[PDB]
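Chains as they are written, first to last, in the UniProt record's numbering: chain Z, 319 to 423; chain C, 2 to 53; chain V, 204 to 253. Ideal Cβ placement from N, Cα and C applies to all residues, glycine included. Reviewing the structure listed below.
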Amino acid sequence: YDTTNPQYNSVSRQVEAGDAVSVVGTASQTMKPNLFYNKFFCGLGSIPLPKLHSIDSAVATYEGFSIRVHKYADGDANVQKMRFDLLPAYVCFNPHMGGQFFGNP
Amino acid sequence: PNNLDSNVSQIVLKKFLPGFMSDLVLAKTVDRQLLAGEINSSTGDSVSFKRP
Amino acid sequence: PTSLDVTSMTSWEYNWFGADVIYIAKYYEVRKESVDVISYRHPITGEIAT
Numbered sequence: 319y320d321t322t323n324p325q326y327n328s329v330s331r332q333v334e335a336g337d338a339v340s341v342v343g344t345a346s347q348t349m350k351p352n353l354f355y356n357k358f359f360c361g362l363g364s365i366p367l368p369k370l371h372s373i374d375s376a377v378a379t380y381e382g383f384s385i386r387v388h389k390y391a392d393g394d395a396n397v398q399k400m401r402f403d404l405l406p407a408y409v410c411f412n413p414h415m416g417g418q419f420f421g422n423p
Numbered sequence: 002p003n004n005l006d007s008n009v010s011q012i013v014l015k016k017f018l019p020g021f022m023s024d025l026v027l028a029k030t031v032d033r034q035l036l037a038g039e040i041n042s043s044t045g046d047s048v049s050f051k052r053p
Numbered sequence: 204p205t206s207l208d209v210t211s212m213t214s215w216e217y218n219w220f221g222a223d224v225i226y227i228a229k230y231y232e233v234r235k236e237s238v239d240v241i242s243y244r245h246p247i248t249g250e251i252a253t
């Protein structure tokens, strides 16, 4: 609620001191929340990781997600090992386009 | 009595019993085009977008 | 659902935006099999025909 830039208002009035609030739910209830949102609420991306210096590697695919697998070994101990990695990243475009919905009484 | 249990061998078959699995819903619905191929760890740790 | 083959070959210095590609492959095999040949030996208009 900006009094000098009325273009960007999104609420009827300012929140003054002494305004009463409430918290939706129960004191210690636990539940599995339902979700509803728009297409441009949140974004998802998987960064592709590069190879290491002289280590055998390959790329796998599983529902449009690429995972890099590295194979190497320890010399003196004579042990072989593998590893799988993935690097994600998240954004939140506009919080006013999503939330949680529950059955009303 | 015949003690002929050394005439047979215990065999473990080369078959795997089915396991449990989950499903992917939230991954498909969210948009991936805007953030795809936009940030690199070498370049930095953050990319930005412009609001209307 | 769709499950695609994995090669981890491309995206090597190339920007990717379309996750709407599924990789399917055709498999060729050659086998040695037993087949029974029937020799129709009708004399009219040539006889030896297997």
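Report buried or exposed for residue i, applying the criterion of at least 16 other Cβ atoms within 10 angstroms of its Cβ.
i	result
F50/C	exposed
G361/Z	buried
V409/Z	buried
Can you tell me the Cβ-Cβ gap for residue i and residue j, rounded? I've got them flagged as a contact below 8 angstroms.
i	j	result
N327/Z	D320/Z	7 angstroms
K389/Z	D374/Z	5 angstroms
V209/V	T379/Z	4 angstroms
Distance cutoff 9 angstroms, beta carbons only. Does residue i sit that close to anything in chain C?
i	result
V377/Z	no
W215/V	no
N396/Z	no
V329/Z	no
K357/Z	yes
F411/Z	yes
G363/Z	yes
Quick one: does residue i have its CB under 9 angstroms from some CB of chain Z?
i	result
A222/V	yes
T210/V	yes
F21/C	no
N4/C	no
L14/C	no
Residues in the same chain with beta-carbon distance under 7 angstroms from residue i, minus the five sequence neighbours each way, listed in chain order, please.
i	result
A407/Z	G363, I365
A376/Z	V387
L367/Z	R386, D403, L405
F420/Z	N352
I225/V	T205, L207
Kindly indicate if chain V contains any beta-carbon less than 9 angstroms away from that of residue i.
i	result
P406/Z	no
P366/Z	yes
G38/C	yes
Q11/C	no
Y380/Z	yes
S372/Z	no
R52/C	no
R386/Z	yes
Kindly list the residues whose CB is nearer than 6 angstroms to the CB of residue i, restricted to its own chain and excluding five residues on each side of it in sequence; keep chain order.
i	result
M400/Z	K389
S242/V	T253
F411/Z	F358
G416/Z	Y355, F359
Within its chain, find whatever has a CB closer than 8 angstroms to the CB of residue i; leave out the 5 residues flanking it on each side and keep chain order.
i	result
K350/Z	none
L36/C	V48
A345/Z	none
Fully enclosed by the region 332-368 of chain Z, which beta strand (DSSP E) runs are 3 residues long or longer? Whole beta strand (DSSP E) segments, 3+ residues: 360-365.
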